[PDB]
Amino acid sequence: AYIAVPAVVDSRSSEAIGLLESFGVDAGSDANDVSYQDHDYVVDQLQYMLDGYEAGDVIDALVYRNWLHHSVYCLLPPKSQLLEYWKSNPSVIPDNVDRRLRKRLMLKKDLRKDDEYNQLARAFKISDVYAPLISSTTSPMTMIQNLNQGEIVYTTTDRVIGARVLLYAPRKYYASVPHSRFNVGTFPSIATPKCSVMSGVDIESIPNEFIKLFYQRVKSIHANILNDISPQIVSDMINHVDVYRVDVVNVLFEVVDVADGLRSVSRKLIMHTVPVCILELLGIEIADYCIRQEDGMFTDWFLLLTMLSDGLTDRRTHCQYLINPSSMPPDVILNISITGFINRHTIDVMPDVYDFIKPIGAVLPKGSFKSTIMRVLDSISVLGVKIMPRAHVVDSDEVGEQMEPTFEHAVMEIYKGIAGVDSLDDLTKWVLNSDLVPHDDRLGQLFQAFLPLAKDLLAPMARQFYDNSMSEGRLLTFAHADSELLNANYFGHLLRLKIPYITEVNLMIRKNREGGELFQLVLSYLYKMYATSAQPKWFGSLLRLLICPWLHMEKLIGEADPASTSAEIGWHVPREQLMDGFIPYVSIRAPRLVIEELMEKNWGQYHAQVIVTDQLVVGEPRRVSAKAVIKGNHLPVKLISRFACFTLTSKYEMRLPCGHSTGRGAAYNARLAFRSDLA
RNA sequence: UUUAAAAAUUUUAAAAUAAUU
RNA sequence: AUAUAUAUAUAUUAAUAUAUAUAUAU
RNA sequence: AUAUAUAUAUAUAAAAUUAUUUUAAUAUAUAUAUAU
Ligand SMILES: [Mg+2]
């Protein structure tokens, strides 16, 4: 038998990870008959072969492979070096080769200029000697056919796909498996009657993007002849822990209005890739739930779910939904009822944009729940780590509040430029009519005045504020539009974000804000008009990274020794220059065997000017604030491998638990240095 | 009966000088 | 005695900054 | 923890349009002619 899965299957590691409990199969037992297959090199060959050929030809060829039929290529050097190898060590010559050619190669002459051997080599071709010879222009369908029928195939090129490539001659003449009745691996085929494909995982959620292309192309042409089997059917047929790889499903639920004992389904939705660990933690299963529980504010485990995922779309009309944040009708979600779970798979929580250790700027619209998400995020501290303290995050209003006329006060006086308004309430009435969605022309006349305030005041103030903030440690900073972080030249990762709710209603729900609620809302419209359209991309994309890796590591280092499983890596200054103390800058947490490996890495080729001060901090541990400015290069994440759970924010500060006296401050030209205990 | 029209192609890849965006 | 071209032959392949180790002194 | 001398290694400076000038021995030896 043979089964194909949407994932890169390997015979070494895929047994360790399993992949079958991954996709949701109950293979767990003394099964030892589901033998995997090596498709790493096959994916690499597919990528290399799409470079020259066409995707349709390559995929429609590779689909007709009999993966349970062992075979192999072996490439020949070109004709010249081939003949050189025929000559030297001549007792390997196939008998097809011409009698004259063999009789002339068996001679010990220099072969400098043999008048007849030159002709005999000119009229010699490789294709006649070795029978199955693929081509330099094979037009690959015969490649897969010849791999299907036979044991060895002879190529004169490297662009081949289907099996491994073996060398024919020694390296000089070139330039620079048992079955188990339940074989599995990627790349479905239709070679036999027993090839099956495991359904249950959507096509748009496949993460590899080459397996994804292969599946799309094969499933749009061979839909009616493929054998689909779900994870339950596969289960019935059968019957250095990596962090940042989490299992995700999505929840199927509908809205219910249980008034006076009469159930009434109202709407059906899909939560779109909440991670499985959070559903396990919160104890979510098939039952009814109330998602407010008091005073019309969400119960906040529901808020955590909605903020840890992508967004929910209606199942009737396949479009996004954006559930209502208020508690006023027409639409109010007060009671839901989860009904099932569909496609499960792993994803890489580490975004590709994040490779170096640097600050993070998360742009959100105005009316989002930034305050409540901060209140909910500052509490988590898994292994005594405090993954996101409240002091490491920069509020969105801070850069505008630090001005003599603050920014919002500066824009409140904008009604003087209009032809005639005479008051802020008349401005809010002249802009949007008797609901939101203001008049676009009037909003444009207002934006032409709002813009110079944002380009001439806010940008110059922010260009200094973000520098001052970057000096004193990594911080997670928010904003109301990417243009704020782009005009003011912001350093760090620029993550746009978005929330699954209607943010414009929060601007009416919240009361005690400067100016009327209508003014806050018009201000949000102006920021949204100053936005430079680009994909906001689902706020949960960040919170999933923030939370998920720690929960997994808590299973591995839940009970080990804190001294043996810990570390900290900061800027070092020698015991002199007191006219040793290091600023932390990072706090690693990982098993002992990886701390041993991190203990020996360089960590010293990274420099920065640390400027210690003499100011005291109200916090308990007696410590003095400091600063630091990296010079040359930034710490890449590869050093802190995928097996440790580090922190993303940190303040710069030094503790002084010896001879308490703060003298004069200074700059010292620190050097990075690993700092753990004995372990 | 002897003479003659002859091809005006490119975008010419790099290295130095000068002018410009 | 010098050089140029003619035929052949032969060999042949073409500023600043930083890091590391040695030594001497503190 | 540092200073000086030494040795080794590394990083840094672009694209386009226009016009002009230069890019088939490397060397020697024998036989031929010529010039100084
Ligand atoms: Mg210019």
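First things first, this report covers the structure right here in the doc. Note that residue numbers begin from 1 in each chain and follow the written sequence, not necessarily the entry's scheme, while residues that lack coordinates are absent from the view. Written order decides the labels, with chains lettered from A and ligands numbered from 1. Part of a larger assembly is shown, with all reported values restricted to the visible chains. Based on all heavy atoms of the structure, the side-chain values leave hydrogens and waters out of the count.

Our next topic: the overall build of chain A. Helix and strand definitions here come from DSSP, where helices need a minimum of 4 consecutive H or I residues and strands a minimum of 2 consecutive E residues; each element is numbered from the N-terminal end. Each helix and strand counted, chain A has 23 helices and 24 strands in total. The principal-axis extent of the C-alpha atoms belonging to chain A is close to 105 × 80 × 60 Å. The rule is simple: take the accessible area with a 1.4 Å probe, protein chains only, and divide by the maximum for that residue type; under 20% is buried, over 50% is exposed, in between is partly exposed. By residue count, 46% of the 679 residues in chain A fall in the buried class. Accessible surface computed for chain A: about 35300 Å², of which carbon and sulfur atoms make up 52%. The accessible surface values rely on the Shrake-Rupley method and a 1.4 Å probe; as for residues, cover is taken only from the protein chains in view.

Attention now goes to the pairing of strand β24 (residues 670–674). Across the two faces of β24 the burial differs, with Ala 670, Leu 672 and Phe 674 buried and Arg 671 and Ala 673 not buried at all. A strand pair is defined by DSSP finding two or more bridges across the two strands. Sheet analysis places strand β18 (residues 569–572) next to β24, joined by 4 bridges and oriented antiparallel. Bridge assignment links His 572 to a residue of β24, and that residue is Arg 671. Of the pairings in the sheet, the one linking strand β19 (residues 607–612) to β24 comprises 2 bridges and is antiparallel in character. Bridging across to β24, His 607 finds its partner in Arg 671.

To continue, consider the nonpolar core. Counting 95 residues, the largest nonpolar core has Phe 302, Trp 571, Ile 588 and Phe 646 as the members making the most contacts within it. Between two residues, a contact is recorded if the distance between any of their heavy atoms is within 4.5 Å. With near-sequence residues (within four places) excluded, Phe 302 lies in contact with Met 271, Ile 291, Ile 323, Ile 336 and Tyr 501. Judged by nonpolar contacts, the second largest core, of 38 residues, contains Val 363, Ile 418, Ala 462 and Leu 485. The set of buried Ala, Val, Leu, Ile, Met, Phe, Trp, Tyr and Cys residues whose side-chain atoms join them within 4.5 Å is what this entry labels a nonpolar core.

Time to look at the sheet that holds strand β14 (residues 360–363). The strand order β15-β16-β14-β17 describes an open sheet built from 4 strands, whose pairing is parallel. Each of the sheet's edge strands pairs with one partner strand only, and the pair in question is β15 (393–394) and β17 (493–496). In this structure, β14 lies alongside β17, joined through 4 bridges in parallel fashion. Across the sheet, the residue bridging to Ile 360 is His 493, located in β17.

Only centres within 6.5 Å qualify two rings of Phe, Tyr or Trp (six-membered ring in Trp) as a pair; their planes then separate them into stacked at under 30 degrees, edge-to-face at over 60, and tilted for everything else. Per the counting criterion, the structure on display carries 18 aromatic pairs. Between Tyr 85 and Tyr 168 the ring centres are 6.3 Å apart and the planes differ by 70°, which places this aromatic pair in the edge-to-face class. Residue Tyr 85 is located in helix α5 (residues 79–87), and its partner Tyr 168 is located in the loop between β4 (165–167) and β5 (183–184); the two are separated by 83 residues in the primary sequence. Ring centres of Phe 298 and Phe 302 lie 5.7 Å apart, and the angle between their planes is 25°; this geometry places the pair in the stacked category.

A word on unusual backbone geometry. In this structure, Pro 330 follows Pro 329 across a cis peptide bond, with omega equal to 20°. Assignment of secondary structure puts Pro 330 in the loop between β12 (313–314) and β13 (335–348). At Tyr 244, a position not held by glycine, the phi torsion is positive, near 80°. When you line up the elements, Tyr 244 lands in the loop between α11 (231–238) and β8 (245–256). The backbone phi angle of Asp 260 is positive, close to 35°, even though this residue is not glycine. With respect to the element layout, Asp 260 can be found in the loop between β8 and β9 (265–270).

This part covers the sheet that holds strand β2 (residues 72–75). One open sheet accounts for 3 strands, arranged β3-β2-β4; its pairing is parallel. Strands with a single pairing partner mark the edges of an open sheet, and in this sheet they are β3 (152–155) and β4. With direction set aside, neighbouring strand axes in the sheet form an average angle of 35°. The pairing of β2 with β4 spans 3 bridges and is classified as parallel. The residue of β4 that forms the bridge with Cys 74 is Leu 166. Between N-to-C directions, angles cover 0 to 180 degrees, with each direction set by a line fitted to C-alpha atoms, over the stretch in contact for helices.

So, on to the environment of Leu 556. For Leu 556, the position within the fold is in helix α22 (residues 540–556). Of the residues examined, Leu 556 reaches a relative accessible area of 34% and is grouped as partly exposed. Put simply, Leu 556 and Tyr 490 are 66 residues apart on the chain and 37 Å apart in space, counted from C-alpha to C-alpha.

Let us now look at the packing of helix α18 (residues 440–471) against helix α21 (residues 517–529). It is at 11 Å that the axes of α18 and α21 come closest, and there the two elements cross at 75°. Accordingly, the angle class assigned to the pair α18 and α21 is roughly perpendicular. Between α18, through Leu 443, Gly 444, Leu 446, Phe 447 and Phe 450, and α21, the contact on the second element is made entirely by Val 522, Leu 523, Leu 526, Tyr 527 and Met 529. Each residue is assigned to one of three groups, with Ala, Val, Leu, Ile, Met, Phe, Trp, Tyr, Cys and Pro labelled nonpolar, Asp, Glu, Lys and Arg labelled charged, and all others, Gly among them, labelled polar. Partitioned by chemical class, the residues of the contact of α18 with α21 number 9 nonpolar, 1 polar and no charged. With respect to orientation, any angle under 35 degrees is reported as roughly parallel, any angle over 145 as roughly antiparallel, any angle of 65 to 115 as roughly perpendicular, and every other angle as oblique.

Here we come to the packing of helix α4 (residues 55–62) against helix α10 (residues 211–219). Two elements in contact, α4 and α10, have axes separated by 10 Å at closest approach and are oriented at 80°. Between α4 and α10, the crossing angle belongs to the class labelled roughly perpendicular. Contact with α4, carried on its side by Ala 55, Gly 56, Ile 59, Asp 60 and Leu 62, involves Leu 213, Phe 214 and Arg 217 of α10 and no other residues of that element. Class assignment for the residues of the contact of α4 with α10 results in 5 nonpolar, 1 polar and 2 charged.

In an α-helix, one full turn covers 3.6 residues, which means residues spaced three or four apart are oriented alike. For α10, the complete set of buried residues consists of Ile 211, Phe 214, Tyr 215 and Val 218. The arc enclosing the buried residues of α10, seen along the axis, measures out at 95°, which places them on a common side. Where α10 is buried, its residues touch α4. What the arc covers is the set of directions going from the helix axis to the C-beta atoms.

What counts as a disulfide here is a pair of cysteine sulfur atoms lying within 2.5 Å. With the rule as written, the count across this model stands at 0 disulfides. You can see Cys 277 has no disulfide; the closest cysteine sulfur is in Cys 548, sitting 6.5 Å from it.

On to the side chain of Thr 155, then. Within the secondary structure, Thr 155 sits in strand β3. Its relative accessible area of 0% is what places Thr 155 among the buried residues. Under the rule applied, a polar contact is a pair of N or O atoms within 3.5 Å (in protein, one hydrogen donor and one hydrogen acceptor; residues adjacent in sequence only if both atoms are side-chain atoms). Among the polar contacts made by the side chain of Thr 155, one reaches the main-chain carbonyl oxygen of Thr 157 at a distance of 3.4 Å. Dropping the residues within four chain positions of it, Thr 155 is found in contact with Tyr 73, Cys 74, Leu 75, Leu 76, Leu 133, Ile 134 and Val 160.

Attention now goes to α5. By the burial criterion, the buried members of α5 are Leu 82, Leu 83, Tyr 85 and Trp 86. Angularly, the buried residues of α5 cover 160° about the axis, an arc narrow enough to put them on a single face. Elements that come into contact with the buried residues of α5 comprise α6 (99–105), α7 (115–122) and α8 (126–129). Looking one or two residues beyond α5, the residue adopting positive phi is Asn 89, at roughly 60°.

Bear in mind that shape data such as this cannot, by itself, settle questions of function.
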